[PDB]
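A.B. asks: Handing over protein_24.txt, compact mmCIF, C-alpha atoms.
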# COMPACT_ATOMS: atom_id res chain seq x y z
CA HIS A 1 12.75 67.66 262.99
CA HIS A 2 13.75 68.61 266.58
CA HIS A 3 13.49 66.16 269.51
CA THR A 4 15.51 66.15 272.71
CA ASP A 5 15.82 62.36 272.58
CA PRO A 6 18.43 61.24 270.02
CA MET A 7 16.78 57.84 269.72
CA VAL A 8 13.55 59.48 268.57
CA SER A 9 15.52 61.72 266.17
CA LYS A 10 17.06 58.67 264.53
CA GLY A 11 13.68 57.17 263.58
CA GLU A 12 11.98 60.39 262.67
CA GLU A 13 14.80 61.22 260.30
CA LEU A 14 14.05 58.20 258.03
CA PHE A 15 10.35 59.18 257.70
CA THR A 16 10.69 63.00 257.34
CA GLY A 17 9.38 63.17 253.78
CA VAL A 18 7.52 61.03 251.24
CA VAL A 19 8.94 57.49 251.19
CA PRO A 20 8.36 55.08 248.27
CA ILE A 21 6.83 51.73 249.22
CA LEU A 22 7.02 48.32 247.56
CA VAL A 23 4.79 45.46 248.72
CA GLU A 24 5.26 41.82 247.67
CA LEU A 25 2.92 39.09 248.76
CA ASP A 26 3.07 35.42 247.91
CA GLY A 27 -0.12 33.66 248.91
CA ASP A 28 -1.74 30.26 248.99
CA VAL A 29 -5.38 30.00 250.06
CA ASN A 30 -6.92 26.52 249.97
CA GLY A 31 -4.31 25.71 247.32
CA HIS A 32 -5.05 28.72 245.07
CA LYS A 33 -1.58 30.23 244.66
CA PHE A 34 -1.40 33.93 243.92
CA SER A 35 0.94 36.89 244.09
CA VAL A 36 0.29 40.57 244.64
CA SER A 37 2.60 43.48 243.98
CA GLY A 38 1.98 46.96 245.28
CA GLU A 39 3.66 50.34 244.78
CA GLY A 40 3.00 53.71 246.33
CA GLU A 41 4.16 56.32 248.79
CA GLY A 42 3.94 56.97 252.53
CA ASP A 43 3.98 60.31 254.36
CA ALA A 44 4.28 59.70 258.10
CA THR A 45 3.89 63.47 258.80
CA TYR A 46 0.20 63.17 257.95
CA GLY A 47 -0.18 59.48 258.67
CA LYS A 48 -0.97 58.98 254.98
CA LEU A 49 -0.48 56.01 252.64
CA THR A 50 -1.34 55.79 248.98
CA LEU A 51 -0.88 52.40 247.32
CA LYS A 52 -1.95 50.52 244.23
CA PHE A 53 -1.90 46.71 244.32
CA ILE A 54 -2.01 44.33 241.35
CA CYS A 55 -2.63 40.63 241.35
CA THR A 56 0.19 39.46 239.09
CA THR A 57 -1.06 35.88 238.69
CA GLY A 58 -4.46 36.77 237.24
CA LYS A 59 -7.71 36.99 239.23
CA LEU A 60 -7.31 37.33 242.98
CA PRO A 61 -8.97 34.26 244.61
CA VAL A 62 -10.09 36.11 247.76
CA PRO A 63 -11.71 39.53 248.14
CA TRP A 64 -9.33 42.51 248.18
CA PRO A 65 -10.71 43.93 251.47
CA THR A 66 -9.58 40.78 253.31
CA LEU A 67 -5.97 41.64 252.47
CA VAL A 68 -5.94 45.30 253.56
CA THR A 69 -4.48 44.71 257.04
CA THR A 70 -1.87 42.31 255.60
CA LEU A 71 -0.74 44.48 252.65
CA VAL A 72 3.03 49.22 257.07
CA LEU A 73 2.41 50.80 260.44
CA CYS A 74 5.67 52.71 260.41
CA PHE A 75 3.78 55.39 258.43
CA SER A 76 1.48 56.11 261.36
CA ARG A 77 1.44 59.67 262.58
CA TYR A 78 2.61 59.79 266.18
CA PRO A 79 1.92 63.14 267.88
CA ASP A 80 5.00 64.89 269.24
CA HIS A 81 4.21 64.02 272.84
CA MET A 82 3.93 60.33 271.92
CA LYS A 83 7.01 59.92 269.72
CA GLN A 84 8.81 57.96 272.44
CA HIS A 85 6.18 55.24 271.93
CA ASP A 86 6.80 54.65 268.21
CA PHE A 87 8.17 51.12 268.07
CA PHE A 88 7.67 50.83 264.33
CA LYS A 89 10.04 53.59 263.27
CA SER A 90 12.56 52.82 266.05
CA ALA A 91 13.16 49.39 264.51
CA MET A 92 14.28 50.95 261.17
CA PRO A 93 16.22 50.67 258.95
CA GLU A 94 16.93 47.02 259.86
CA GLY A 95 13.20 46.48 260.21
CA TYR A 96 10.76 44.29 262.00
CA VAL A 97 8.79 41.13 261.49
CA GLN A 98 5.04 41.36 261.63
CA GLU A 99 3.23 38.03 262.22
CA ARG A 100 -0.52 37.57 262.30
CA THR A 101 -3.14 34.92 262.52
CA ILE A 102 -6.49 36.12 261.19
CA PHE A 103 -9.56 34.02 262.05
CA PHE A 104 -12.61 34.60 259.85
CA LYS A 105 -15.62 33.72 261.96
CA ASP A 106 -17.30 30.53 260.69
CA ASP A 107 -14.67 30.31 257.98
CA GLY A 108 -10.92 29.75 257.43
CA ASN A 109 -7.85 31.52 258.73
CA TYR A 110 -4.91 33.48 257.30
CA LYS A 111 -1.37 33.00 258.75
CA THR A 112 0.95 35.80 257.65
CA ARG A 113 4.58 36.61 258.16
CA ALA A 114 6.09 39.78 256.84
CA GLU A 115 9.47 41.52 256.92
CA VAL A 116 9.24 45.31 256.80
CA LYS A 117 12.57 47.02 256.18
CA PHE A 118 14.40 49.52 253.98
CA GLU A 119 16.18 48.47 250.75
CA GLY A 120 18.03 51.67 249.95
CA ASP A 121 15.49 54.47 250.13
CA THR A 122 12.50 52.17 249.51
CA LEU A 123 10.42 50.74 252.35
CA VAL A 124 9.68 47.10 251.45
CA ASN A 125 6.99 44.90 252.94
CA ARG A 126 7.57 41.26 251.90
CA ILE A 127 4.79 38.92 252.95
CA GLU A 128 4.00 35.22 252.88
CA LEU A 129 0.38 34.30 253.46
CA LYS A 130 -1.10 30.82 253.99
CA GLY A 131 -4.85 30.42 254.21
CA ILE A 132 -6.51 27.16 255.17
CA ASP A 133 -9.91 25.73 256.10
CA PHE A 134 -11.98 28.17 253.99
CA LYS A 135 -15.45 27.20 252.82
CA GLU A 136 -15.94 27.20 249.06
CA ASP A 137 -19.45 28.64 249.48
CA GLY A 138 -18.46 31.10 252.19
CA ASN A 139 -18.17 34.85 252.08
CA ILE A 140 -14.44 34.85 251.28
CA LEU A 141 -14.02 32.25 248.50
CA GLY A 142 -17.54 33.13 247.31
CA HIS A 143 -16.66 36.86 246.97
CA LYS A 144 -19.63 38.17 248.91
CA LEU A 145 -17.85 41.07 250.63
CA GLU A 146 -18.52 44.63 249.66
CA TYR A 147 -15.63 46.66 248.25
CA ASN A 148 -15.21 49.03 251.19
CA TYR A 149 -13.62 49.27 254.59
CA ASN A 150 -14.65 50.49 258.03
CA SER A 151 -12.67 52.82 260.29
CA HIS A 152 -11.14 50.98 263.22
CA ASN A 153 -9.10 51.79 266.45
CA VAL A 154 -6.47 49.22 267.48
CA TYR A 155 -4.87 48.87 270.94
CA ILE A 156 -1.07 48.40 270.95
CA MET A 157 0.72 46.83 273.96
CA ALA A 158 4.38 46.18 274.65
CA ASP A 159 5.70 42.69 274.95
CA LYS A 160 8.82 43.32 277.05
CA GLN A 161 9.85 39.66 276.98
CA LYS A 162 10.12 39.63 273.18
CA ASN A 163 11.34 43.23 272.88
CA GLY A 164 8.31 43.84 270.70
CA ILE A 165 4.59 44.61 270.60
CA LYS A 166 1.39 42.73 270.44
CA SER A 167 -2.19 43.51 269.44
CA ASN A 168 -5.49 41.69 269.17
CA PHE A 169 -8.42 43.29 267.39
CA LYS A 170 -11.51 42.64 265.28
CA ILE A 171 -12.16 43.85 261.73
CA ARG A 172 -15.79 43.89 260.51
CA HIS A 173 -16.19 43.29 256.77
CA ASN A 174 -19.52 44.33 255.24
CA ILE A 175 -21.28 41.56 253.29
CA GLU A 176 -23.34 42.42 250.21
CA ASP A 177 -26.56 41.49 252.03
CA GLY A 178 -26.07 44.04 254.84
CA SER A 179 -24.59 41.59 257.33
CA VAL A 180 -20.99 41.47 258.63
CA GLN A 181 -18.08 39.06 258.43
CA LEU A 182 -15.85 39.24 261.51
CA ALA A 183 -12.08 38.81 261.15
CA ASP A 184 -10.29 38.34 264.53
CA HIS A 185 -6.64 39.45 264.27
CA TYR A 186 -3.76 38.46 266.54
CA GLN A 187 -0.53 40.29 265.83
CA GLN A 188 2.99 40.30 267.15
CA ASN A 189 5.93 42.42 265.97
CA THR A 190 9.59 41.87 266.78
CA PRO A 191 12.72 43.70 265.65
CA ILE A 192 15.04 42.23 263.05
CA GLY A 193 18.09 44.02 264.39
CA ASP A 194 19.68 43.64 267.79
CA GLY A 195 19.88 47.35 268.63
CA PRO A 196 17.56 48.97 271.15
CA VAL A 197 13.99 49.83 270.26
CA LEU A 198 11.32 51.97 271.81
CA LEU A 199 8.89 49.85 273.77
CA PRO A 200 5.63 51.77 274.04
CA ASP A 201 3.19 52.37 276.81
CA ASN A 202 -0.29 51.13 275.97
CA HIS A 203 -1.94 53.30 273.30
CA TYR A 204 -4.14 53.04 270.22
CA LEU A 205 -3.96 53.68 266.49
CA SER A 206 -6.94 55.21 264.68
CA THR A 207 -7.24 54.04 261.09
CA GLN A 208 -9.34 54.94 258.11
CA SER A 209 -9.10 53.33 254.69
CA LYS A 210 -10.72 54.15 251.36
CA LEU A 211 -10.76 51.63 248.50
CA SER A 212 -11.10 52.56 244.86
CA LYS A 213 -10.45 51.37 241.32
CA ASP A 214 -8.30 52.76 238.56
CA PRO A 215 -10.66 53.15 235.56
CA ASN A 216 -7.84 52.52 233.03
CA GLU A 217 -6.52 49.36 234.70
CA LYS A 218 -7.50 46.01 233.23
CA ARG A 219 -5.66 43.83 235.71
CA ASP A 220 -7.33 42.80 238.99
CA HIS A 221 -6.19 45.55 241.39
CA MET A 222 -7.03 47.69 244.40
CA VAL A 223 -6.22 51.35 245.02
CA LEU A 224 -5.84 52.17 248.70
CA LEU A 225 -5.77 55.41 250.65
CA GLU A 226 -5.04 54.92 254.36
CA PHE A 227 -4.73 57.32 257.30
CA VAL A 228 -3.33 56.09 260.59
CA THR A 229 -2.85 58.23 263.73
CA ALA A 230 -1.69 57.34 267.18
CA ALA A 231 -3.64 58.50 270.18
CA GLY A 232 -4.60 57.74 273.71
CA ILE A 233 -1.84 59.31 275.80
CA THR A 234 -2.87 62.77 277.03
Now that the file is in, can you turn its structure into structure tokens?
C.D. replies:
Amino acid sequence: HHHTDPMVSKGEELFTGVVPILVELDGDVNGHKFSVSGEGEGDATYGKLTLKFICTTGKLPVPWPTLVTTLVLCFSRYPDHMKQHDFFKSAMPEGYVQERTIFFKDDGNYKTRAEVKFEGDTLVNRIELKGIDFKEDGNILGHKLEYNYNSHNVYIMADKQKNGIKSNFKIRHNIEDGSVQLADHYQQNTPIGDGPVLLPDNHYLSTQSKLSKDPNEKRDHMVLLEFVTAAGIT
């Protein structure tokens, strides 16, 4: 609402209230083609997301928790003293590309590319996902993961050469038998536009996610509440 840096003001202004979100994913995992649509709202003031996702092609062929990181970090809450480090909002409204490779230990990998940008007043995240080399009897295609999600801190670093950011981090998915399925993420983000962006000092994001079901919904779906806060600069 009041920042002495006009570049920060420009990005904050687009995220000042509740912003509607649309998520589209087209996926192919070991030749099972599927699509997911999601709708909800983001409130960057509190770092809060609320989304509901539907598999529009029938039953989702992989477990919903494996898609949480893939299915909008511009809604992170950056403390006032860290707002000059917020790459994600500084790239708006033209947006950014978010690319990942996700390696599931002892199993296959996801390769994702997403464009995150405004269409009018709506923040859209449009994703293509390709998954290969998964085991039919593994934890992913065998749906052995529990329907829950662990809190996680992720380290963000600038990539000055690409005018973007980079991160590598591990997600632990609980398996029904009490064990864990590791998912190693590599991520890079680059701006879509050619204007300047804020390139951050090293810092981390703290995330927490809660998964639930809509008791009146017959389609395969996931309801997601996420909180993300930046930290690590004193």
A.B. asks: For residue 57 in chain A, which of A:210, A:185, A:221, A:83 is the closest residue, counting only C-alpha atoms?
C.D. replies: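 Using only C-alpha atoms, the shortest distance to residue 57 in chain A belongs to A:221.
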A.B. asks: Restricting the calculation to only C-alpha atoms: of A:29, A:145, A:166, A:15, which residue gets closest to residue 48 in chain A?
C.D. replies: A:15
A.B. asks: Please compute the CA of residue 13 in chain A-CA of residue 92 in chain A distance, one decimal, in Å.
C.D. replies: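 Taking CA of residue 13 in chain A and CA of residue 92 in chain A, their separation equals 10.3 Å.
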A.B. asks: Can you tell me, as a list in words, which residues sit within 12 Å of (13.0, 39.2, 275.3) in the file's frame, using all atoms listed in the file?
C.D. replies: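 The distance filter leaves exactly residues 158, 159, 160, 161, 162, 163, 164, 165, 190, 191, 194, 196, 197 and 199 of chain A.
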A.B. asks: Please tell me which residues are no farther than 10 Å from (-16.1, 26.4, 258.6) in the file, counting all atoms listed in the file, and write them as a list in words.
C.D. replies: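 With a cut-off of 10 Å, the residues come to residues 104, 105, 106, 107, 108, 109, 133, 134, 135, 136, 137 and 138 of chain A.
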A.B. asks: For the atom pair CA of residue 231 in chain A and CA of residue 112 in chain A, what is the interatomic distance in Å to one decimal place?
C.D. replies: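 Value for the CA of residue 231 in chain A-CA of residue 112 in chain A distance: 26.3 Å.
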A.B. asks: Which residue gives the smallest distance to residue 19 in chain A among A:53, A:88, A:110, A:118, with all atoms listed in the file counted?
C.D. replies: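 Distance minimum relative to residue 19 in chain A lands on A:118.
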A.B. asks: Given all atoms listed in the file as the basis, pick out the residue of A:101, A:153, A:139, A:125 nearest to residue 188 in chain A.
C.D. replies: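 Result for the nearest residue to residue 188 in chain A: A:101.
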A.B. asks: Can you tell me which residues surround residue 205 in chain A at a distance of at most 6 Å, considering only C-alpha atoms, apart from same-chain residues fewer than 6 positions away, and format the answer as a list in words?
C.D. replies: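 The filter keeps residues 153, 154, 229 and 230 of chain A.
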A.B. asks: Please write the residues from the selection above to a file, keeping C-alpha atoms, as a JSON list (two decimals), in the frame of the given file.
C.D. replies:
[["chain", "number", "residue", "atom", "x", "y", "z"],
["A", 153, "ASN", "CA", -9.10, 51.79, 266.45],
["A", 154, "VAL", "CA", -6.47, 49.22, 267.48],
["A", 229, "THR", "CA", -2.85, 58.23, 263.73],
["A", 230, "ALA", "CA", -1.69, 57.34, 267.18]]
A.B. asks: Within 12 Å of residue 80 in chain A, counting all atoms listed in the file, which residues show up once you throw out same-chain ones fewer than 6 positions away? Write them as a list in words, please.
C.D. replies: residues 1, 2, 3, 4, 5, 8, 9, 12, 45, 86, 229, 230, 231, 233 and 234 of chain A
A.B. asks: How many Å separate CA of residue 75 in chain A from CA of residue 228 in chain A?
C.D. replies: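 Separation of CA of residue 75 in chain A and CA of residue 228 in chain A: 7.5 Å.
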A.B. asks: Using all atoms listed in the file, find the one residue out of A:69, A:37, A:168, A:16 that sits nearest to residue 124 in chain A.
C.D. replies: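 The closest residue to residue 124 in chain A is A:37.
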A.B. asks: From the options A:40, A:93, A:65, A:200, which residue's atoms come nearest to residue 150 in chain A, counting all atoms listed in the file?
C.D. replies: A:65
A.B. asks: So which residues touch residue 192 in chain A within 10 Å, counting all atoms listed in the file, skipping near sequence neighbours fewer than 4 positions away, as a PDB file with C-alpha atoms, keeping the file's coordinate frame?
C.D. replies:
ATOM      1  CA  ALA A  91      13.160  49.390 264.510  1.00  0.00           C
ATOM      2  CA  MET A  92      14.280  50.950 261.170  1.00  0.00           C
ATOM      3  CA  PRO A  93      16.220  50.670 258.950  1.00  0.00           C
ATOM      4  CA  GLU A  94      16.930  47.020 259.860  1.00  0.00           C
ATOM      5  CA  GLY A  95      13.200  46.480 260.210  1.00  0.00           C
ATOM      6  CA  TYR A  96      10.760  44.290 262.000  1.00  0.00           C
ATOM      7  CA  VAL A  97       8.790  41.130 261.490  1.00  0.00           C
ATOM      8  CA  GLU A 115       9.470  41.520 256.920  1.00  0.00           C
ATOM      9  CA  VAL A 116       9.240  45.310 256.800  1.00  0.00           C
ATOM     10  CA  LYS A 117      12.570  47.020 256.180  1.00  0.00           C
TER      11      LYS A 117
END
A.B. asks: At a cut-off of 12 Å, using all atoms listed in the file, what residues contact residue 59 in chain A? Leave out same-chain residues fewer than 3 positions from it and give the result as a PyMOL selection string.
C.D. replies: chain A and resi 32-36+54-56+62-64+143+218-222
A.B. asks: If we count all atoms listed in the file, what is near residue 7 in chain A at a cut-off of 8 Å, once residues fewer than 3 positions away on the same chain are taken out, given as a list in words?
C.D. replies: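 My reading of the contact set: residues 10, 11 and 90 of chain A.
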A.B. asks: Could range 149-163 of chain A be completed with N, CA, C and O atoms and returned as a tab-separated table (two decimals), in the coordinates of the input?
C.D. replies:
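File out15.tsv, as written:
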chain	number	residue	atom	x	y	z
A	149	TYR	N	-14.41	49.53	253.41
A	149	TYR	CA	-13.62	49.27	254.59
A	149	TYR	C	-14.05	50.23	255.68
A	149	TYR	O	-14.25	51.41	255.40
A	150	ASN	N	-14.20	49.71	256.88
A	150	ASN	CA	-14.65	50.49	258.03
A	150	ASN	C	-13.49	51.08	258.83
A	150	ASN	O	-12.43	50.48	258.93
A	151	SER	N	-13.69	52.27	259.42
A	151	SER	CA	-12.67	52.82	260.29
A	151	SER	C	-12.57	51.99	261.57
A	151	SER	O	-13.52	51.34	261.97
A	152	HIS	N	-11.53	51.93	262.18
A	152	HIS	CA	-11.14	50.98	263.22
A	152	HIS	C	-10.14	51.63	264.19
A	152	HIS	O	-9.17	52.23	263.71
A	153	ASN	N	-10.15	51.46	265.50
A	153	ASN	CA	-9.10	51.79	266.45
A	153	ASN	C	-8.52	50.50	266.97
A	153	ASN	O	-9.27	49.58	267.31
A	154	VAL	N	-7.19	50.43	267.04
A	154	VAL	CA	-6.47	49.22	267.48
A	154	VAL	C	-5.55	49.54	268.65
A	154	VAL	O	-4.73	50.46	268.56
A	155	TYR	N	-5.64	48.72	269.70
A	155	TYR	CA	-4.87	48.87	270.94
A	155	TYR	C	-3.52	48.16	270.81
A	155	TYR	O	-3.47	46.95	270.54
A	156	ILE	N	-2.43	48.90	271.04
A	156	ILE	CA	-1.07	48.40	270.95
A	156	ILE	C	-0.53	48.23	272.37
A	156	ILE	O	-0.55	49.19	273.15
A	157	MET	N	0.06	47.05	272.67
A	157	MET	CA	0.72	46.83	273.96
A	157	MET	C	2.13	46.32	273.74
A	157	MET	O	2.42	45.61	272.76
A	158	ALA	N	3.01	46.66	274.69
A	158	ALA	CA	4.38	46.18	274.65
A	158	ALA	C	4.43	44.73	275.07
A	158	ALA	O	3.61	44.24	275.83
A	159	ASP	N	5.39	44.04	274.51
A	159	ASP	CA	5.70	42.69	274.95
A	159	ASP	C	7.18	42.74	275.36
A	159	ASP	O	8.09	42.60	274.54
A	160	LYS	N	7.44	43.04	276.64
A	160	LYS	CA	8.82	43.32	277.05
A	160	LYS	C	9.69	42.08	276.92
A	160	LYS	O	10.88	42.18	276.62
A	161	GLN	N	9.10	40.90	277.10
A	161	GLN	CA	9.85	39.66	276.98
A	161	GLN	C	10.45	39.48	275.59
A	161	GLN	O	11.59	39.04	275.44
A	162	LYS	N	9.68	39.81	274.55
A	162	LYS	CA	10.12	39.63	273.18
A	162	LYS	C	10.68	40.91	272.59
A	162	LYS	O	11.01	40.93	271.39
A	163	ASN	N	10.81	41.98	273.39
A	163	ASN	CA	11.34	43.23	272.88
A	163	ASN	C	10.47	43.73	271.71
A	163	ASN	O	10.98	44.31	270.72
